[PDB]
C-alpha cells in the first residue's frame, strides 16, 4: 500500500484539491496558477506526485455516487495541452462513472461493468506482469483488468468533469 498525494502542478485549474492533497472535485471557475508544462490545461485531470517505473504497487480511491469521475493510471507522456481523448491509445487506463453506469474505459467502445454501486476501489498496478486492476473494497471482488506493455513511468490518474462528485485517495 503506497501513500499517494495529488500533484497540484498537474491539476487542471478548475479542479479543487483538498489541503491534505487526497481529495478532488470540480470547481465552477478556473483558478489563475503557474502554467507549468506538466499542467492539464483542458482535460479535468490531476496526477499523483509519485510515479512508478517498475515493481508492483496498490492504493485505494473513495468515489462519489454521482456521474463525472474517472481514475486509474496514465503514462508520463500523456499530452497535457489541448483536448486529448480519454482512451488507452492516448495513455489513460481508467474506470468511469457516467450516465449512472460503471465503465472500464476501453476504446473505441467502453466496457460496462455489472457492479451496482462503489464506495471505495483498490487500484493494483503491476509493471512486472504489465497490468492495472480494480477491486471493490467491500470483499475485494475483481471489477476489471487492463493488460498493458508499459514502456515508461506510470502515474496514478484522477479526473472529475462535473460538479457534485468527488474522488479521494486512501490512505
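Numbering follows the first chain given and starts at 1.
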Select between 59-67 and 40-48 the stretch whose C-alpha atoms have the higher average B-factor in the entry.
59-67
Per the record, averaged over C-alpha atoms, which has the higher B-factor: 127-135 or 102-110?
127-135
Among 24, 19, 161, 154 - the residue whose C-alpha B-factor is largest in the record
19
Residue 11: which third of its chain by C-alpha temperature factor?
lowest
